[PDB]
2 protein chains.
Amino acid sequence: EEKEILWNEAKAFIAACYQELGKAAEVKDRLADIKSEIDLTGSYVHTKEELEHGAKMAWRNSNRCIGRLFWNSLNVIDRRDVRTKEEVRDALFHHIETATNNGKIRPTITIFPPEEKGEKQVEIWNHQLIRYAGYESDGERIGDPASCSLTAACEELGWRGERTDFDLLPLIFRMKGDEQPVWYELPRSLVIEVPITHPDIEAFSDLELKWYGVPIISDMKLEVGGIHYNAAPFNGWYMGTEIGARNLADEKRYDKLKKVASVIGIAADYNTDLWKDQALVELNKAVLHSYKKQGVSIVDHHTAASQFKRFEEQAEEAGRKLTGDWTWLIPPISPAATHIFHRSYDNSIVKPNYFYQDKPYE
Amino acid sequence: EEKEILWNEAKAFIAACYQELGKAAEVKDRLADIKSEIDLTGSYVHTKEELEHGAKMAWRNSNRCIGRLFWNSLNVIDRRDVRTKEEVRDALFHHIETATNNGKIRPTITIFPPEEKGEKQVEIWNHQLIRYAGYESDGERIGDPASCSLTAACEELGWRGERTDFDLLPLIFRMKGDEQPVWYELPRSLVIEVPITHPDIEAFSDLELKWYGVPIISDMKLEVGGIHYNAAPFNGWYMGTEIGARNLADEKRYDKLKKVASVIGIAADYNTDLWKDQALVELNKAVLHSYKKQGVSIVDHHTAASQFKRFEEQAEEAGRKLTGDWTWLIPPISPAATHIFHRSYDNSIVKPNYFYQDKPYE
Ligand code: HEM
Ligand code: HEM
Ligand SMILES: CN(C)Cc1ccc(OCc2ccc3ccc(N)nc3c2)cc1
Ligand SMILES: CN(C)Cc1ccc(OCc2ccc3ccc(N)nc3c2)cc1
Ligand SMILES: C[C@H](O)[C@H](O)[C@H]1CNc2nc(N)[nH]c(=O)c2N1
Ligand SMILES: C[C@H](O)[C@H](O)[C@H]1CNc2nc(N)[nH]c(=O)c2N1
Ligand SMILES: [Cl-]
Ligand SMILES: [Cl-]
């Protein structure tokens, strides 16, 4: 039933993929080849074309993603050839450099060897390739609370952060055969960071806020035709609200709203003053401003929702069913000002797709 | 099966109601009485206590309502005795006066005779007892687009609005036996309206915005123990976002954001300026300010979400399952600043409850 589930997923994927690629006549022989390859080996190997299209389909099927208009221009890097921790490290370094592209961010995914029989070849521990550490000692919070457990796991392994609010975590991953992961400090020249300033409130820089340029999600599994690529980091560019309404604003993250309110000169005393809302708007304005000023790609939530409307229209024109998760697609500020808020979406799960998987630590 | 569905709903309601009222021992004889009453008459009549508690339970079970902490203090007015259109009119007038309470709004419901065998005794046409008319002729929009079809139905019946942006619709309802509804102009002395001003932007009054004080929803059906009270208008006080983020801001309603942006002195040209968000905040601030200044009850969304957290805690302490509709409970501005956004709710439907029903017009 191992070979059964795989074979069925393979048939459905190959058929759909080859149809979209205008290759429907080659389906028969390809499925024949695959059938034999599974019988003899227990698995099968995607061609470069199948893998690239599979990764693109997986993005197109990501219900929670508002950024999907651009699914077809995903830059897919095939690293199924890596065998060593130095190769993995260098592939991760290269991904960062090529995705960053001097600030003109390229949506990119790097695909490592897939699981064999549930056995991981490479297991990445980072949630994102670039992220800030988090600490707590003596009721003092430092850095990003969302990184607290990974940060403690790294320091167990001999890493030590400087305990600033913005320490970059090391890359950390484990190779098949090894009992422990290894870690590598990120070279600073690879990492673009953006200091947060406001277009017309000069005091805003007193907050000394910054964020990194590129979100490179590295803990999701790509599934394509029954093959499980558990290590396949990918990135887009940020939507400003991710930084301004969540990373910097959530009480369980950097919790900056009261400080923002103070620098923009409003009281943080009464709910009816809507000071949190006002602070959120000014922080989100500062975030868009700062990325644009530095020449780092970013999208605001209005522009993103307009793009998503086009994605919806493109889906209809192509005869493809659209799936989405309304609770994730709506932006966390002014959601009712977007068309998303005013319609519903089918939250069905279609494969290929990206999936959560269990953390190797904690 | 008519009497069957009713009998079953009655047993479930009476049991639950009497348990909460500490009257569990009287359940047996009450169900006996009810059994006979159904057999002989086809229906049964709620006592004053059952009706009042039923209406309160129905509010407590309203998944979409963030205002539910105060479910137990609902003021229930029993008007099952009305037989004439003048009595219905006067009950509706009285509801407005007593709910308004000079601006210190009392959550109130007035309950009219229930459907007999699906036959309505009274059929209210208004969506809310107080609402503004809407018109369109020659591509000119006037007033509230959401009222366009009711407004046209009223004018078909001899009503004529002055075609201001804020014409009050007449009360309109139909009595069993009558082919056509009747309408009655609302006496102005009954209706509190609030002009919208901003606490520190003087030009804001140039918009000449206003809204009415009390939302009195009049087109939902109350169901309690199998009895269908299709005419049972009820009100709370507004949450400010209903007015500022939806009624005055939605493009399909008053569509005021571009005008707000202009009076607060910002450009409405670039999505990255977040001018819609900023305009929304200033409009919502103006709305809270204006109601408070006039002495009309209103709640901001932060305070409302804090109350709802207490409702959740009260539900747990009472051993009652909580139900909610996340997509409706989140406020349309800064939803991620409320605890609601960060948890999930079971959207199961529990009776007693309030339900949508078919419009009698259009
Ligand atoms: C190109 C720019 C992109 C933008 C602006 C964008 C925007 C977003 C946003 C705002 C979220 C919600 C994140 C959160 O609230 O935690 C999201 C979720 C997601 N995006 Fe995209 N995205 C982009 C590119 C990509 C790419 C390249 C992929 C993969 C090929 C991808 C796959 C996903 C997935 C899988 C999720 C959901 C993750 C989860 O369940 O937690 N996106 N996207
Ligand atoms: C006391 C102040 C109250 C506040 C602040 C409040 C708040 C709200 C809000 C903001 C909504 C969403 C409305 C929308 O987006 O269209 C809502 C929905 C609702 N409320 Fe309340 N509410 C209150 C009192 C009441 C009362 C007294 C009842 C009935 C006894 C009630 C029953 C409901 C119902 C049934 C809905 C959902 C209607 C639908 O499905 O469209 N509420 N409430
Ligand atoms: C918080 N973790 C434990 C769960 C978790 C894992 C992946 C997640 O991905 C979010 C995500 C994924 C892809 C994105 C692509 C672009 C973008 N701007 N944000 C993006 C955000 C989110 C949460
Ligand atoms: C738009 N109609 C066609 C459907 C419709 C019917 C009743 C509706 O009730 C909304 C509602 C109900 C009760 C409320 C109580 C208090 C409050 N502040 N808003 C409240 C808002 C909403 C939509
Ligand atoms: C439980 C709750 O629904 C959940 O935390 C969601 C809500 N919607 C969201 N939407 C986005 N884009 N991102 C999130 O992290 C969340 N959190
Ligand atoms: C289709 C869409 O989900 C729907 O229009 C909802 C979204 N959530 C909402 N929430 C509230 N409180 N009120 C509304 O009118 C809506 N509209
Ligand atoms: Cl992030
Ligand atoms: Cl309203």
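Values below: every heavy atom of this structure, side chains too, minus hydrogens, waters and symmetry copies. Whatever order the structure lists them in is the order used to number ligands and atoms, beginning at 1. Every chain is numbered from 1, with letters handed out A, B, ... down the list of sequences.
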Asks: Identify the two heavy atoms, one from A:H127 and one from A:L150, that lie closest to each other, and give their separation to 0.1 Å.
Replies: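 Result for this residue pair: N-CD2, 4.3 Å.
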Asks: Give the residue, atom name and distance (to 0.1 Å) of the protein heavy atom nearest atom 12 (C) of ligand 3.
Replies: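 Going by distance alone, atom 12 (C) of ligand 3 is nearest to A:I217 CG1, 3.5 Å.
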Asks: In the protein, which heavy atom is nearest to atom 1 (C) of ligand 3, and how far is it?
Replies: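 Result for atom 1 (C) of ligand 3: A:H127 CE1, 4.2 Å.
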Asks: Side chain, backbone, both or neither: which part of A:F234 has a heavy atom under 4.0 Å from ligand 3?
Replies: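 Only the side chain of A:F234 comes within reach of ligand 3.
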Asks: Main chain of A:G134, side chain of A:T151: is a donor-acceptor contact present, judged purely on distance under 3.5 Å?
Replies: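 Such a contact is found between A:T151 side chain and A:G134 backbone.
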Asks: Of the protein's non-hydrogen atoms, which lies at the shortest distance from atom 15 (C) of ligand 3, and what is that distance?
Replies: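 Going atom by atom, the protein heavy atom closest to atom 15 (C) of ligand 3 ends up being A:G236 N, 4.2 Å.
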Asks: Quick one: does A:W237 get a heavy atom under 4.0 Å from ligand 3?
Replies: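 Yes, A:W237 has heavy atoms under 4.0 Å from ligand 3.
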Asks: Atom CZ in B:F308, atom CD1 in B:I340: separation rounded to 0.5 Å?
Replies: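 Interatomic distance, B:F308 CZ to B:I340 CD1, rounded to 0.5 Å: 6.0 Å.
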Asks: Parallel under 30°, tilted from 30 to 60°, perpendicular over 60°: which one fits the rings of B:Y132 and B:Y254?
Replies: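 Taking B:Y254 first and then B:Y132, their aromatic rings stand perpendicular (interplane angle over 60°).
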Asks: Between B:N284 and B:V281, is there a donor-acceptor pair closer than 3.5 Å when you use the side chain of the first and the backbone of the second?
Replies: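 No: the side chain of B:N284 does not pair with the backbone of B:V281.
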Asks: Considering only the protein, which heavy-atom contact is closest to atom 3 (C) of ligand 3, and what is its distance?
Replies: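 Going by distance alone, atom 3 (C) of ligand 3 is nearest to A:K359 NZ, 4.2 Å.
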Asks: So which atom in B:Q294 and which in B:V194 form the shortest heavy-atom distance, rounded to 0.1 Å?
Replies: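 Of all heavy-atom pairs spanning B:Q294 and B:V194, the closest is OE1-CA, 3.8 Å.
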Asks: Output yes when the distance from some N or O of ligand 3 to some N or O of A:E242 is under 3.5 Å, and no in every other case.
Replies: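 Yes, there is a polar N/O contact under 3.5 Å.
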